>>> print(open('target.txt').read())   # compact mmCIF, C-alpha atoms and all ligand atoms
# COMPACT_ATOMS: atom_id res chain seq x y z
CA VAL A 2 0.00 0.00 0.00
CA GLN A 3 1.63 3.16 -1.26
CA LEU A 4 0.59 6.76 -1.79
CA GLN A 5 3.57 8.69 -3.14
CA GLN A 6 3.59 12.46 -2.77
CA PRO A 7 6.37 14.89 -3.64
CA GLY A 8 8.29 16.22 -0.67
CA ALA A 9 7.55 19.87 -1.32
CA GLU A 10 6.30 22.57 -3.69
CA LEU A 11 7.37 26.21 -3.58
CA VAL A 12 4.51 28.28 -4.96
CA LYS A 13 4.32 32.01 -5.87
CA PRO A 14 1.47 33.89 -4.21
CA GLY A 15 -1.56 34.32 -6.45
CA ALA A 16 -0.54 31.29 -8.45
CA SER A 17 -2.14 27.84 -8.19
CA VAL A 18 -0.59 24.38 -7.73
CA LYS A 19 -1.54 20.78 -8.52
CA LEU A 20 -0.53 18.12 -5.98
CA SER A 21 -0.10 14.44 -6.92
CA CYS A 22 -0.67 11.20 -5.02
CA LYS A 23 0.38 8.00 -6.80
CA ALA A 24 -1.29 4.93 -5.40
CA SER A 25 0.15 1.40 -5.64
CA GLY A 26 -0.11 -1.85 -3.73
CA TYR A 27 -3.91 -1.95 -3.47
CA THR A 28 -7.05 -1.69 -5.67
CA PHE A 29 -7.13 2.07 -6.48
CA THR A 30 -10.77 2.15 -7.63
CA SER A 31 -11.85 0.45 -4.49
CA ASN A 32 -10.80 3.25 -2.06
CA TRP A 33 -11.86 6.84 -1.47
CA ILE A 34 -9.01 9.35 -1.69
CA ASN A 35 -9.21 12.14 0.94
CA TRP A 36 -7.05 15.25 1.27
CA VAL A 37 -6.08 16.78 4.62
CA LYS A 38 -4.44 20.01 5.60
CA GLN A 39 -1.99 20.58 8.44
CA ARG A 40 -0.27 23.90 9.10
CA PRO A 41 3.21 23.61 10.68
CA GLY A 42 2.67 22.77 14.35
CA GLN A 43 -1.17 22.81 14.16
CA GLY A 44 -3.99 20.28 13.98
CA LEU A 45 -5.64 18.51 11.02
CA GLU A 46 -8.34 19.67 8.61
CA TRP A 47 -10.46 17.70 6.11
CA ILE A 48 -10.48 19.35 2.69
CA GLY A 49 -12.41 16.85 0.56
CA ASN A 50 -12.54 13.38 -1.04
CA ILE A 51 -13.18 11.56 -4.30
CA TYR A 52 -14.15 7.91 -5.04
CA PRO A 53 -12.19 6.86 -8.17
CA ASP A 54 -14.77 4.18 -9.05
CA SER A 55 -17.72 6.59 -9.58
CA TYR A 56 -15.88 9.96 -9.66
CA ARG A 57 -18.14 11.25 -6.92
CA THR A 58 -16.67 14.11 -4.86
CA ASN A 59 -17.37 15.76 -1.51
CA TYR A 60 -15.93 19.15 -0.48
CA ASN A 61 -15.52 20.89 2.84
CA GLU A 62 -17.35 24.20 2.22
CA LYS A 63 -14.32 26.05 3.57
CA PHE A 64 -12.28 24.85 0.58
CA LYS A 65 -15.01 24.74 -2.10
CA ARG A 66 -13.54 27.59 -4.13
CA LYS A 67 -9.93 26.69 -3.30
CA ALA A 68 -9.52 22.99 -4.18
CA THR A 69 -10.40 20.71 -7.07
CA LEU A 70 -10.12 16.91 -6.77
CA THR A 71 -9.51 14.73 -9.85
CA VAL A 72 -8.30 11.10 -10.28
CA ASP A 73 -6.61 9.57 -13.33
CA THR A 74 -7.64 5.94 -13.17
CA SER A 75 -5.15 4.85 -15.85
CA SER A 76 -2.24 5.96 -13.66
CA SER A 77 -3.75 5.17 -10.27
CA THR A 78 -3.05 8.83 -9.55
CA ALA A 79 -5.14 11.31 -7.58
CA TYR A 80 -4.74 15.09 -7.78
CA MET A 81 -5.75 18.23 -5.89
CA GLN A 82 -5.44 21.66 -7.42
CA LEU A 83 -5.25 24.64 -5.04
CA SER A 84 -6.02 27.99 -6.65
CA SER A 85 -4.59 31.48 -6.14
CA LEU A 86 -2.50 30.69 -3.08
CA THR A 87 -1.98 32.93 -0.12
CA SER A 88 0.37 32.58 2.85
CA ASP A 89 -2.42 30.82 4.76
CA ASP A 90 -2.11 28.04 2.14
CA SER A 91 1.43 27.13 3.28
CA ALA A 92 1.09 23.71 4.99
CA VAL A 93 1.51 19.97 4.55
CA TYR A 94 -1.22 18.31 2.48
CA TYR A 95 -1.82 14.53 2.94
CA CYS A 96 -3.76 12.23 0.62
CA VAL A 97 -5.33 9.47 2.63
CA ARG A 98 -6.97 6.24 1.33
CA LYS A 99 -9.99 4.58 2.99
CA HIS A 100 -11.73 1.39 1.69
CA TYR A 101 -15.24 2.04 0.49
CA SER A 102 -16.58 -0.89 2.54
CA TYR A 103 -14.11 -2.08 5.18
CA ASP A 104 -13.81 0.48 7.97
CA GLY A 105 -10.48 -0.38 9.63
CA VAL A 106 -8.51 0.27 6.48
CA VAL A 107 -7.27 3.87 6.43
CA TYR A 108 -3.81 4.79 5.29
CA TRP A 109 -1.99 8.19 5.18
CA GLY A 110 0.55 9.25 2.55
CA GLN A 111 3.74 11.06 3.59
CA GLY A 112 2.32 14.50 2.80
CA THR A 113 3.61 17.35 0.62
CA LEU A 114 4.81 20.62 2.23
CA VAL A 115 3.61 23.59 0.19
CA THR A 116 5.46 26.86 0.76
CA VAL A 117 3.78 30.01 -0.60
CA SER A 118 6.30 32.84 -1.08
CA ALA A 119 7.92 35.12 -3.64
CA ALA A 120 11.41 34.20 -2.40
CA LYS A 121 13.67 31.93 -4.46
CA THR A 122 14.97 28.38 -4.08
CA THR A 123 18.29 28.00 -2.30
CA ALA A 124 20.06 24.73 -1.70
CA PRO A 125 21.57 24.21 1.76
CA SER A 126 25.28 24.23 2.53
CA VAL A 127 26.10 21.30 4.80
CA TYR A 128 29.00 21.44 7.26
CA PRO A 129 31.41 19.41 9.47
CA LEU A 130 31.09 19.39 13.25
CA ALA A 131 33.85 16.96 14.31
CA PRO A 132 34.82 16.47 18.01
CA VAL A 133 36.89 19.51 18.94
CA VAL A 142 31.62 10.35 20.89
CA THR A 143 29.34 12.87 19.17
CA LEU A 144 29.56 13.94 15.55
CA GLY A 145 27.54 16.80 14.16
CA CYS A 146 26.30 18.01 10.77
CA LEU A 147 25.33 21.62 10.05
CA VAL A 148 22.92 22.07 7.13
CA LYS A 149 22.81 25.85 6.69
CA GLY A 150 21.25 28.31 4.24
CA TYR A 151 18.57 26.43 2.32
CA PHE A 152 15.06 27.25 1.14
CA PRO A 153 12.43 26.21 1.24
CA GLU A 154 11.79 23.37 3.64
CA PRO A 155 12.18 20.60 3.97
CA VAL A 156 15.55 18.87 3.81
CA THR A 157 16.30 15.27 4.54
CA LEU A 158 19.06 13.92 6.71
CA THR A 159 20.07 10.40 7.72
CA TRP A 160 23.16 8.68 9.10
CA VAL A 169 20.42 10.47 16.64
CA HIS A 170 18.84 13.95 17.00
CA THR A 171 17.97 16.04 13.96
CA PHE A 172 16.57 19.33 15.20
CA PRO A 173 13.68 21.49 13.86
CA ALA A 174 14.81 23.97 11.22
CA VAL A 175 15.31 27.54 12.41
CA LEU A 176 14.55 30.59 10.31
CA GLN A 177 17.31 33.19 9.96
CA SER A 178 16.27 35.91 7.48
CA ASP A 179 14.54 34.13 4.58
CA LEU A 180 16.78 31.14 5.31
CA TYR A 181 16.45 27.97 7.35
CA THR A 182 19.28 26.51 9.38
CA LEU A 183 19.25 23.00 10.81
CA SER A 184 21.67 20.69 12.64
CA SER A 185 21.83 17.01 13.53
CA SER A 186 24.01 15.02 15.97
CA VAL A 187 25.31 11.43 16.07
CA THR A 188 26.35 9.67 19.28
CA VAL A 189 28.22 6.39 18.93
CA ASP B 1 -21.29 21.08 11.12
CA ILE B 2 -20.49 18.33 13.66
CA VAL B 3 -17.96 19.74 16.15
CA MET B 4 -15.36 17.52 17.81
CA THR B 5 -13.90 18.66 21.14
CA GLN B 6 -10.79 17.35 22.87
CA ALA B 7 -10.60 19.71 25.87
CA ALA B 8 -7.06 18.74 26.95
CA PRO B 9 -4.33 20.07 24.68
CA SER B 10 -1.97 17.67 26.47
CA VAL B 11 -1.69 15.17 29.30
CA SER B 12 1.25 13.97 31.38
CA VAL B 13 1.58 10.41 32.58
CA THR B 14 4.27 8.28 34.27
CA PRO B 15 5.47 5.28 32.20
CA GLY B 16 3.90 1.95 33.10
CA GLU B 17 0.80 3.77 34.32
CA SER B 18 -2.49 4.47 32.56
CA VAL B 19 -4.17 7.48 31.02
CA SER B 20 -7.33 8.36 29.17
CA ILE B 21 -7.97 10.96 26.45
CA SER B 22 -11.44 12.46 25.95
CA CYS B 23 -13.29 13.51 22.81
CA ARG B 24 -16.84 14.88 22.55
CA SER B 25 -19.06 15.36 19.48
CA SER B 26 -21.90 17.89 19.20
CA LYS B 27 -24.01 15.15 17.59
CA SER B 28 -24.25 11.45 18.32
CA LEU B 29 -21.99 9.38 16.08
CA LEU B 30 -24.09 6.23 16.37
CA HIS B 31 -25.86 5.26 13.14
CA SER B 32 -29.01 3.23 12.38
CA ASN B 33 -26.88 0.37 11.04
CA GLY B 34 -25.73 0.10 14.65
CA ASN B 35 -22.15 1.31 14.04
CA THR B 36 -20.35 4.45 15.60
CA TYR B 37 -18.37 6.38 13.02
CA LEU B 38 -15.47 7.58 15.12
CA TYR B 39 -11.74 7.22 14.36
CA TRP B 40 -8.75 7.69 16.65
CA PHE B 41 -5.37 8.46 15.06
CA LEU B 42 -1.89 8.82 16.57
CA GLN B 43 0.64 11.12 14.95
CA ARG B 44 4.16 10.37 16.14
CA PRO B 45 6.88 13.04 16.09
CA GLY B 46 7.88 13.76 12.50
CA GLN B 47 5.45 11.23 10.96
CA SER B 48 2.08 11.35 9.26
CA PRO B 49 -1.02 10.33 11.23
CA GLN B 50 -1.90 6.63 11.52
CA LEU B 51 -5.07 4.69 12.42
CA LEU B 52 -5.27 3.41 15.99
CA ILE B 53 -8.92 2.77 16.77
CA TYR B 54 -12.03 2.48 14.63
CA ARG B 55 -15.74 2.15 15.42
CA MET B 56 -16.55 1.50 19.07
CA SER B 57 -13.17 0.16 20.09
CA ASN B 58 -11.83 -1.90 17.23
CA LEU B 59 -8.00 -1.95 17.10
CA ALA B 60 -6.11 -1.39 13.84
CA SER B 61 -3.66 -4.09 12.68
CA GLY B 62 -0.48 -4.02 14.76
CA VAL B 63 -1.92 -1.92 17.59
CA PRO B 64 -1.03 -3.33 21.05
CA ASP B 65 -4.08 -4.37 23.05
CA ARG B 66 -2.80 -1.91 25.62
CA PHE B 67 -5.01 0.62 23.74
CA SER B 68 -8.80 0.54 23.89
CA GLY B 69 -11.69 2.89 23.21
CA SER B 70 -15.07 3.50 24.73
CA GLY B 71 -17.73 6.16 25.14
CA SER B 72 -21.43 6.91 25.01
CA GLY B 73 -22.71 8.49 21.80
CA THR B 74 -21.29 11.97 22.06
CA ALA B 75 -18.74 11.19 24.80
CA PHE B 76 -15.73 9.07 23.84
CA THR B 77 -12.59 7.99 25.61
CA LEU B 78 -9.33 6.56 24.34
CA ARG B 79 -7.53 4.67 27.15
CA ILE B 80 -3.92 3.41 27.02
CA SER B 81 -3.13 0.64 29.51
CA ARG B 82 0.55 0.63 30.55
CA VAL B 83 1.92 3.68 28.73
CA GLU B 84 5.31 3.11 27.07
CA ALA B 85 7.93 5.54 25.81
CA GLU B 86 7.04 4.67 22.24
CA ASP B 87 3.53 6.04 22.84
CA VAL B 88 4.56 9.72 22.78
CA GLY B 89 2.66 11.78 20.21
CA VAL B 90 -0.59 13.65 19.54
CA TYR B 91 -3.90 11.78 19.49
CA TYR B 92 -6.73 12.95 17.22
CA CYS B 93 -10.34 11.82 17.11
CA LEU B 94 -12.46 12.17 13.94
CA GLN B 95 -16.08 11.65 12.95
CA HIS B 96 -17.05 10.41 9.50
CA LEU B 97 -20.77 10.14 10.14
CA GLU B 98 -21.54 13.37 8.27
CA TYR B 99 -19.92 15.55 5.63
CA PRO B 100 -17.90 17.66 6.20
CA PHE B 101 -15.72 15.19 8.21
CA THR B 102 -14.12 16.97 11.16
CA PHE B 103 -11.17 16.48 13.52
CA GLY B 104 -10.68 17.12 17.22
CA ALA B 105 -7.90 19.64 18.02
CA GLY B 106 -5.61 16.84 19.18
CA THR B 107 -4.10 15.84 22.55
CA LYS B 108 -0.33 15.59 23.05
CA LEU B 109 0.84 12.71 25.27
CA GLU B 110 3.84 13.46 27.42
CA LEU B 111 5.89 11.15 29.64
CA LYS B 112 7.11 11.92 33.14
CA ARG B 113 10.50 10.37 33.75
CA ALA B 114 13.55 10.44 36.02
CA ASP B 115 15.47 13.73 36.10
CA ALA B 116 18.44 13.65 33.73
CA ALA B 117 21.41 15.90 33.02
CA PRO B 118 22.47 16.85 29.47
CA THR B 119 25.45 15.52 27.53
CA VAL B 120 27.04 18.65 26.08
CA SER B 121 29.14 18.85 22.93
CA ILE B 122 30.68 22.03 21.50
CA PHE B 123 31.92 22.42 17.94
CA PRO B 124 34.08 25.21 16.53
CA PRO B 125 33.64 26.84 13.09
CA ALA B 135 31.41 30.37 10.48
CA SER B 136 29.28 29.44 13.50
CA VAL B 137 29.81 27.70 16.87
CA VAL B 138 27.25 24.97 17.67
CA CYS B 139 26.39 23.22 20.93
CA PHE B 140 24.31 20.11 21.67
CA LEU B 141 22.59 19.58 25.03
CA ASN B 142 21.32 16.06 24.56
CA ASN B 143 19.03 13.64 26.38
CA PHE B 144 18.04 15.65 29.43
CA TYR B 145 14.89 15.91 31.49
CA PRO B 146 12.72 17.88 32.14
CA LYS B 147 12.12 19.97 29.01
CA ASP B 148 12.85 23.29 30.70
CA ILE B 149 16.59 23.91 30.36
CA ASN B 150 18.73 26.98 29.68
CA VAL B 151 21.98 27.45 27.79
CA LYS B 152 24.60 30.12 28.33
CA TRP B 153 27.23 31.24 25.90
CA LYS B 154 30.56 32.88 26.79
CA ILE B 155 33.42 34.09 24.61
CA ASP B 156 36.79 34.69 26.31
CA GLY B 157 34.92 34.54 29.60
CA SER B 158 32.40 37.14 28.45
CA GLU B 159 28.86 35.79 28.50
CA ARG B 160 27.54 36.44 24.98
CA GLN B 161 23.79 36.73 24.43
CA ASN B 162 23.19 38.14 20.96
CA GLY B 163 23.42 35.92 17.89
CA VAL B 164 21.92 32.80 19.42
CA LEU B 165 19.15 30.63 17.99
CA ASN B 166 18.00 27.47 19.76
CA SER B 167 15.98 24.41 18.66
CA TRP B 168 14.35 21.60 20.69
CA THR B 169 13.30 18.12 19.65
CA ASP B 170 10.08 16.50 20.84
CA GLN B 171 10.14 13.95 23.67
CA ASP B 172 12.37 11.00 22.72
CA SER B 173 10.40 7.83 21.85
CA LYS B 174 12.93 5.44 23.42
CA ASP B 175 13.98 7.17 26.65
CA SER B 176 11.53 10.10 26.99
CA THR B 177 14.34 12.65 27.29
CA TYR B 178 14.51 15.99 25.42
CA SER B 179 17.44 17.47 23.49
CA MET B 180 18.43 20.96 22.35
CA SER B 181 20.78 22.56 19.86
CA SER B 182 22.17 26.07 20.25
CA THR B 183 24.11 27.98 17.65
CA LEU B 184 26.27 31.01 18.23
CA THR B 185 26.82 32.76 14.89
CA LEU B 186 29.62 35.27 14.43
CA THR B 187 31.44 37.41 11.86
CA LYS B 188 33.34 34.73 9.91
CA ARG B 193 39.54 38.00 17.59
CA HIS B 194 38.65 36.01 20.72
CA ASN B 195 39.80 32.68 22.21
CA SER B 196 37.51 30.88 24.67
CA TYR B 197 34.14 29.64 23.45
CA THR B 198 32.03 28.01 26.12
CA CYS B 199 28.61 26.47 26.29
CA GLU B 200 26.91 25.62 29.59
CA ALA B 201 23.57 24.41 30.82
CA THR B 202 21.24 24.83 33.84
CA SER B 208 28.50 21.76 39.60
CA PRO B 209 27.35 23.02 36.16
CA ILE B 210 27.63 21.06 32.91
CA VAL B 211 30.05 22.97 30.72
CA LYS B 212 32.05 22.65 27.54
CA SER B 213 34.55 24.98 25.93
CA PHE B 214 37.44 25.08 23.49
CA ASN B 215 40.11 27.57 22.45
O1 LIG A 301 -24.46 8.58 5.65
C1 LIG A 301 -24.23 9.54 4.89
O2 LIG A 301 -25.11 10.31 4.45
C2 LIG A 301 -22.79 9.78 4.46
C3 LIG A 301 -21.88 10.07 5.63
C4 LIG A 301 -20.44 10.02 5.20
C5 LIG A 301 -20.02 8.65 4.73
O3 LIG A 301 -20.55 8.14 3.75
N1 LIG A 301 -19.06 8.05 5.43
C6 LIG A 301 -18.57 6.72 5.08
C7 LIG A 301 -19.04 5.76 6.17
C8 LIG A 301 -20.53 5.76 6.38
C9 LIG A 301 -21.36 4.97 5.59
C10 LIG A 301 -22.74 4.98 5.79
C11 LIG A 301 -23.30 5.79 6.78
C12 LIG A 301 -22.47 6.58 7.57
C13 LIG A 301 -21.10 6.57 7.36
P1 LIG A 301 -17.14 6.69 4.91
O4 LIG A 301 -16.54 6.93 6.25
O5 LIG A 301 -16.84 5.42 4.19
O6 LIG A 301 -16.79 7.89 3.93
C14 LIG A 301 -15.84 7.71 2.89
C15 LIG A 301 -14.51 8.38 3.24
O7 LIG A 301 -13.81 8.85 2.34
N2 LIG A 301 -14.12 8.41 4.51
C16 LIG A 301 -12.85 9.01 4.93
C17 LIG A 301 -12.74 9.34 6.39
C18 LIG A 301 -11.38 9.87 6.77
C19 LIG A 301 -11.09 11.23 6.67
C20 LIG A 301 -9.80 11.71 6.93
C21 LIG A 301 -8.79 10.83 7.30
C22 LIG A 301 -9.07 9.47 7.41
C23 LIG A 301 -10.35 9.00 7.15
>>> encode(input="target.txt", output="structure tokens", more="lines below")
Ligand SMILES: O=C(O)CCCC(=O)N[C@H](Cc1ccccc1)P(=O)(O)OCC(=O)NCCc1ccccc1
Amino acid sequence: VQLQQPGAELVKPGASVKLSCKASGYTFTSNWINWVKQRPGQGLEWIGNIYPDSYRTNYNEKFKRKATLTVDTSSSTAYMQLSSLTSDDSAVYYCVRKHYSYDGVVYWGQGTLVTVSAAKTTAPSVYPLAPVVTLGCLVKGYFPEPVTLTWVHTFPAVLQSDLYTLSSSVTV
Amino acid sequence: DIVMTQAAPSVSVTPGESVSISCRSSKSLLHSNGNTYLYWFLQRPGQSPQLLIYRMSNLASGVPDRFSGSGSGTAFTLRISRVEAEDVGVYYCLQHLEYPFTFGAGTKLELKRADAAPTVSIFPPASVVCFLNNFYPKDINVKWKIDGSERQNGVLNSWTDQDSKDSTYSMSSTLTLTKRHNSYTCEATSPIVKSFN
């Protein structure tokens, strides 16, 4: 059971964006696809859903003029277009599958972090951090979020003037 | 609109002990077919939500029987038996009886553990970074000093969420400077200190 979603999308205010969710590992037309919103550090919000089998849709009134759900059954892909984005639209959007009949079968994709700003992309600039045991790594000056890091404690990114700085530590 | 209320934004519990999380709906979630349309999800630090409990108190695949759900028709309770470190996270209830589906505000679960001191590591450059790892409780301060002088400006800190294995917290502190001094020191809340030259 898989629902792939791109890590992030930097979007210019006023513009729109189309988010993808590629299903695989289950019968696509047998499950409803739901979309959920979560602002950094906040709770969850139901946006709407679509049943690939019949193409029926349901929308949370709050997002009726903001989102449009479509499914491409030949690619087992679901999509959500968000129109004329504002800063309030910056958040993580999850596609979630739920079997039309069975109730205990609900599964959440990894989510896509949408960042709405005029600023421009900027790759990080990783760094050392070797014992003057615990090794460190200093990912500095990137944009937008997120970044991935693996080898511990990887700390929340910090914003320093239109730029995010992060650090991680390894203790062997 | 069916409103879901989880009055407690968080709850603290000692490992091994039990705790319950409440959720109330403005409209009964019981349907004619005899089934309650209520979901309970857990969202672990840095992960997407995941199903925990469905219907009355049916457990999702893989969920330890330590968890269980109950509740009237508008009053529901999620109860965890012998709380473990791996249970840290935020619990959300959700009704799917009527459109639009709606979520509770979520309840963060926090673990009370044995006091612990931080393991400090300092790292020279063009910034100086310090790690204050695996300590407890969450409330801890860091002090920076350059050539004995306690510097304050130019510092940005970052905390992790409660650790899922030991329930400790960790913090990172960075002292950024102009890419003409010798002693850089980082200390916590004898004291725990680390410096270099
Ligand atoms: O009864 C109605 O008029 C419709 C009520 C909504 C609905 O059809 N819910 C369905 C169950 C049901 C069936 C009959 C009567 C009541 C409830 P349902 O829960 O299958 O709705 C489909 C669906 O997409 N549910 C997703 C719920 C969900 C949302 C966000 C994250 C995870 C899960």
>>> atom_distance(input="target.txt", atom1="CA of residue 8 (chain B)", atom2="CA of residue 72 (chain B)")
18.7 Å
>>> closest_atom_pairs(input="target.txt", of="chain B", to="ligand LIG 301 (chain A)", cutoff="9 Å", atoms="only C-alpha atoms and all ligand atoms", output="JSON lines")
{"residue": "B:29", "atom": "CA", "partner": "A:LIG301", "partner_atom": "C12", "distance": 9.0}
{"residue": "B:30", "atom": "CA", "partner": "A:LIG301", "partner_atom": "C12", "distance": 9.0}
{"residue": "B:31", "atom": "CA", "partner": "A:LIG301", "partner_atom": "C12", "distance": 6.7}
{"residue": "B:32", "atom": "CA", "partner": "A:LIG301", "partner_atom": "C11", "distance": 8.4}
{"residue": "B:33", "atom": "CA", "partner": "A:LIG301", "partner_atom": "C11", "distance": 7.8}
{"residue": "B:35", "atom": "CA", "partner": "A:LIG301", "partner_atom": "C12", "distance": 8.4}
{"residue": "B:36", "atom": "CA", "partner": "A:LIG301", "partner_atom": "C13", "distance": 8.5}
{"residue": "B:37", "atom": "CA", "partner": "A:LIG301", "partner_atom": "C13", "distance": 6.3}
{"residue": "B:38", "atom": "CA", "partner": "A:LIG301", "partner_atom": "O4", "distance": 9.0}
{"residue": "B:39", "atom": "CA", "partner": "A:LIG301", "partner_atom": "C23", "distance": 7.6}
{"residue": "B:41", "atom": "CA", "partner": "A:LIG301", "partner_atom": "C22", "distance": 8.6}
{"residue": "B:49", "atom": "CA", "partner": "A:LIG301", "partner_atom": "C21", "distance": 8.7}
{"residue": "B:50", "atom": "CA", "partner": "A:LIG301", "partner_atom": "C22", "distance": 8.7}
{"residue": "B:51", "atom": "CA", "partner": "A:LIG301", "partner_atom": "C22", "distance": 8.0}
{"residue": "B:94", "atom": "CA", "partner": "A:LIG301", "partner_atom": "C19", "distance": 7.5}
{"residue": "B:95", "atom": "CA", "partner": "A:LIG301", "partner_atom": "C17", "distance": 7.7}
{"residue": "B:96", "atom": "CA", "partner": "A:LIG301", "partner_atom": "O4", "distance": 4.8}
{"residue": "B:97", "atom": "CA", "partner": "A:LIG301", "partner_atom": "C13", "distance": 4.5}
{"residue": "B:98", "atom": "CA", "partner": "A:LIG301", "partner_atom": "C3", "distance": 4.2}
{"residue": "B:99", "atom": "CA", "partner": "A:LIG301", "partner_atom": "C4", "distance": 5.6}
{"residue": "B:100", "atom": "CA", "partner": "A:LIG301", "partner_atom": "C4", "distance": 8.1}
{"residue": "B:101", "atom": "CA", "partner": "A:LIG301", "partner_atom": "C19", "distance": 6.3}
{"residue": "B:102", "atom": "CA", "partner": "A:LIG301", "partner_atom": "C19", "distance": 7.9}
{"residue": "B:103", "atom": "CA", "partner": "A:LIG301", "partner_atom": "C20", "distance": 8.2}
>>> interface_residues(input="target.txt", of="chain B", to="chain A", cutoff="10 Å", atoms="all atoms listed in the file", output="count of residues only")
60
>>> closest_residue(input="target.txt", among="A:113, A:41, A:28, A:17", to="residue 68 (chain A)", atoms="all atoms listed in the file")
A:17
>>> atom_distance(input="target.txt", atom1="CA of residue 14 (chain A)", atom2="CA of residue 88 (chain A)")
7.3 Å
>>> residues_around(input="target.txt", residues="residue 160 (chain B)", least_positions_apart="5", cutoff="12 Å", atoms="all atoms listed in the file", output="ChimeraX atom specification")
/B:151-155,183-186,194,196-200
>>> atom_distance(input="target.txt", atom1="CA of residue 7 (chain B)", atom2="CA of residue 65 (chain B)")
25.1 Å
>>> residues_around(input="target.txt", residues="region 81-87 of chain A", least_positions_apart="4", cutoff="6 Å", atoms="all atoms listed in the file", output="short mmCIF file (atom, residue, chain, number, x, y, z; two decimals) with C-alpha atoms, keeping the file's coordinate frame")
data_model
loop_
_atom_site.label_atom_id
_atom_site.label_comp_id
_atom_site.auth_asym_id
_atom_site.auth_seq_id
_atom_site.Cartn_x
_atom_site.Cartn_y
_atom_site.Cartn_z
CA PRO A 14 1.47 33.89 -4.21
CA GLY A 15 -1.56 34.32 -6.45
CA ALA A 16 -0.54 31.29 -8.45
CA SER A 17 -2.14 27.84 -8.19
CA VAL A 18 -0.59 24.38 -7.73
CA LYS A 19 -1.54 20.78 -8.52
CA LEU A 20 -0.53 18.12 -5.98
CA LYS A 67 -9.93 26.69 -3.30
CA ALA A 68 -9.52 22.99 -4.18
CA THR A 69 -10.40 20.71 -7.07
CA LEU A 70 -10.12 16.91 -6.77
#
>>> residues_around(input="target.txt", residues="residue 22 (chain A)", least_positions_apart="3", cutoff="8 Å", atoms="all atoms listed in the file", output="PyMOL selection string")
chain A and resi 4-6+78-80+96+110
>>> closest_residue(input="target.txt", among="A:180, A:92, A:127, A:156", to="residue 12 (chain A)", atoms="only C-alpha atoms")
A:92
>>> closest_residue(input="target.txt", among="A:53, A:150, A:8, A:42", to="residue 178 (chain A)", atoms="all atoms listed in the file")
A:150
>>> axis_aligned_box(input="target.txt", around="region 199-214 of chain B", padding_each_side="3 Å", output="lines of an AutoDock Vina configuration file")
center_x = 29.3
center_y = 23.8
center_z = 31.5
size_x = 22.2
size_y = 11.4
size_z = 22.1
>>> residues_around(input="target.txt", residues="residue 78 (chain B)", least_positions_apart="2", cutoff="8 Å", atoms="only C-alpha atoms", output="mmCIF file with C-alpha atoms, keeping the file's coordinate frame")
data_model
loop_
_atom_site.group_PDB
_atom_site.id
_atom_site.type_symbol
_atom_site.label_atom_id
_atom_site.label_comp_id
_atom_site.auth_asym_id
_atom_site.auth_seq_id
_atom_site.Cartn_x
_atom_site.Cartn_y
_atom_site.Cartn_z
ATOM 1 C CA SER B 20 -7.330 8.360 29.170
ATOM 2 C CA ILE B 21 -7.970 10.960 26.450
ATOM 3 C CA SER B 22 -11.440 12.460 25.950
ATOM 4 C CA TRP B 40 -8.750 7.690 16.650
ATOM 5 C CA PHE B 67 -5.010 0.620 23.740
ATOM 6 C CA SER B 68 -8.800 0.540 23.890
ATOM 7 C CA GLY B 69 -11.690 2.890 23.210
ATOM 8 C CA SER B 70 -15.070 3.500 24.730
ATOM 9 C CA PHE B 76 -15.730 9.070 23.840
ATOM 10 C CA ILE B 80 -3.920 3.410 27.020
#
>>> residues_near_point(input="target.txt", point="(-12.2, 4.3, -1.8)", cutoff="8 Å", atoms="all atoms listed in the file", output="list in words")
residues 29, 30, 31, 32, 33, 34, 51, 52, 53, 54, 98, 99, 100 and 101 of chain A
>>> decode(input="target.txt", residues="region 107-112 of chain A", atoms="N, CA, C and O atoms", output="PDB file, in the first residue's frame")
ATOM      1  N   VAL A 107      -7.504   2.461   6.713  1.00  0.00           N
ATOM      2  CA  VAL A 107      -7.274   3.866   6.427  1.00  0.00           C
ATOM      3  C   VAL A 107      -5.772   3.972   6.370  1.00  0.00           C
ATOM      4  O   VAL A 107      -5.086   3.432   7.218  1.00  0.00           O
ATOM      5  N   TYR A 108      -5.246   4.675   5.383  1.00  0.00           N
ATOM      6  CA  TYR A 108      -3.807   4.786   5.288  1.00  0.00           C
ATOM      7  C   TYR A 108      -3.388   6.177   4.768  1.00  0.00           C
ATOM      8  O   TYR A 108      -3.857   6.614   3.721  1.00  0.00           O
ATOM      9  N   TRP A 109      -2.486   6.841   5.502  1.00  0.00           N
ATOM     10  CA  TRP A 109      -1.989   8.193   5.177  1.00  0.00           C
ATOM     11  C   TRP A 109      -0.664   8.280   4.399  1.00  0.00           C
ATOM     12  O   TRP A 109       0.332   7.656   4.767  1.00  0.00           O
ATOM     13  N   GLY A 110      -0.659   9.065   3.329  1.00  0.00           N
ATOM     14  CA  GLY A 110       0.545   9.251   2.549  1.00  0.00           C
ATOM     15  C   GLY A 110       1.513  10.095   3.374  1.00  0.00           C
ATOM     16  O   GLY A 110       1.160  10.554   4.442  1.00  0.00           O
ATOM     17  N   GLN A 111       2.717  10.303   2.869  1.00  0.00           N
ATOM     18  CA  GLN A 111       3.742  11.056   3.589  1.00  0.00           C
ATOM     19  C   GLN A 111       3.536  12.576   3.632  1.00  0.00           C
ATOM     20  O   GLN A 111       4.222  13.277   4.376  1.00  0.00           O
ATOM     21  N   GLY A 112       2.609  13.073   2.820  1.00  0.00           N
ATOM     22  CA  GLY A 112       2.318  14.496   2.795  1.00  0.00           C
ATOM     23  C   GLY A 112       3.293  15.292   1.953  1.00  0.00           C
ATOM     24  O   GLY A 112       4.439  14.886   1.769  1.00  0.00           O
TER      25      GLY A 112
END
